Trainee: 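What follows is a single structure, and I will ask about it in a moment.
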Amino acid sequence: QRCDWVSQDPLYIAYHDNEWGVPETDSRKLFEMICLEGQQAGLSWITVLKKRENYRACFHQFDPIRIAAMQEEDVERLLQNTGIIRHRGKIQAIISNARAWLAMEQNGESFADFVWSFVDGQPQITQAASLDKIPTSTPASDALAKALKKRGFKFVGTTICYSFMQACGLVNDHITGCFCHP
Ligand SMILES: [Zn+2]
């Protein structure tokens, strides 16, 4: 059995089976996922997942240095790229997020340490047997959203942050029946 929210799409099955809820501790990889999670605001994950390679291609493999140097002209070219989400606020958010991440990392602050601090450094494993008993935001995601906003990140509302926590294994929200549950 798998989590009920997975579709029959093999791209999504692989994502569920191999990536979702798996603890991620690399700062750059965490950066990529907070960005991809913000791109999904108002949309479904499959839309963003199917576009992930396109994002990696026009955002310099989520290297924050190169992204941070992007300007209005880059935003305008990206707004013409049908392989990503053509939404000005969403494109600008990736650029703001790169700059925000750089300002932390250059000040000696690991982004990985930062996000992991909100779950006390340890994956929180669910006891829910059904998706209805799994929240979409928590006090911890509220705290992470407030901190990210204060530090200059964009498209990081509390629901986005909780999805990010799930995706990157800060919480493990596979249902207890799922073969991926501990
Ligand atoms: Zn699962």
Side-chain angles (χ1 to χ4, degrees), residues 2-7 9-27 29-57 59 61-62 64 83-85 87 90 93-94 97 101 110-126 128-149 153-182:
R2 285 185 174 89
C3 289
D4 191 40
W5 51 260
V6 193
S7 68
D9 191 326
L11 196 75
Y12 203 8
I13 293 162
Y15 174 73
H16 165 272
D17 286 3
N18 300 310
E19 289 185 67
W20 195 82
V22 181
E24 178 61 75
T25 66
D26 179 77
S27 283
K29 284 177 75 191
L30 288 164
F31 165 72
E32 169 167 349
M33 279 298 296
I34 197 60
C35 290
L36 293 173
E37 290 286 6
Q39 302 303 291
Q40 193 225 283
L43 300 177
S44 65
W45 180 244
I46 193 59
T47 298
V48 175
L49 185 58
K50 290 201 267 195
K51 293 174 176 291
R52 177 166 60 179
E53 287 314 296
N54 301 154
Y55 273 99
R56 290 171 171 167
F59 293 95
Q61 300 70 232
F62 288 92
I84 63 172
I85 300 162
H87 179 297
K90 282 179 178 184
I94 293 174
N97 291 167
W101 184 100
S110 160
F111 184 66
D113 295 340
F114 170 79
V115 299
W116 275 96
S117 76
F118 292 85
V119 296
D120 198 41
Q122 290 293 338
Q124 311 295 132
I125 303 173
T126 190
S130 70
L131 187 57
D132 279 323
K133 301 310 168 182
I134 300 178
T136 59
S137 65
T138 61
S141 73
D142 293 344
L144 174 59
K146 185 179 182 175
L148 286 163
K149 293 162 192 181
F153 291 81
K154 301 294 184 207
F155 276 69
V156 288
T158 185
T159 303
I160 298 177
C161 289
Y162 193 68
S163 297
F164 164 81
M165 290 166 55
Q166 289 177 318
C168 296
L170 282 68
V171 302
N172 183 334
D173 277 342
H174 291 278
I175 54 167
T176 51
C178 175
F179 84 95
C180 293
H181 188 279

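This chain uses plain numbering: 1 for the first residue, then up along the sequence. Ligands are counted one by one from 1 in listed order, and the atoms in each one are counted from 1 as well.
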Trainee: Does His16 bring an N, O or S atom to under 2.8 Å of the Zn ion (ligand 1)?
Mentor: yes
Trainee: Between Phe179, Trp5, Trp20, which is the residue that forms a ring-ring contact (aromatic ring centres under 6.0 Å, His included) with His174?
Mentor: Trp20
Trainee: If the threshold is 4.0 Å, N to carboxylate O, is there a salt bridge linking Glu32 and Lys29?
Mentor: no
Trainee: Do the ring centers of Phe118 and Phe164 come within less than 6.0 Å of each other?
Mentor: no
Trainee: Of all N, O or S atoms in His174, identify the one at the shortest distance from the Zn ion (ligand 1).
Mentor: ND1
Trainee: Regarding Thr158 and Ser141, do their side chains bring together a donor and an acceptor under 3.5 Å, going by distance alone?
Mentor: yes
Trainee: Is it true that some N/O/S atom of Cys3, main chain or side chain, lies under 2.8 Å from the Zn ion (ligand 1)?
Mentor: yes
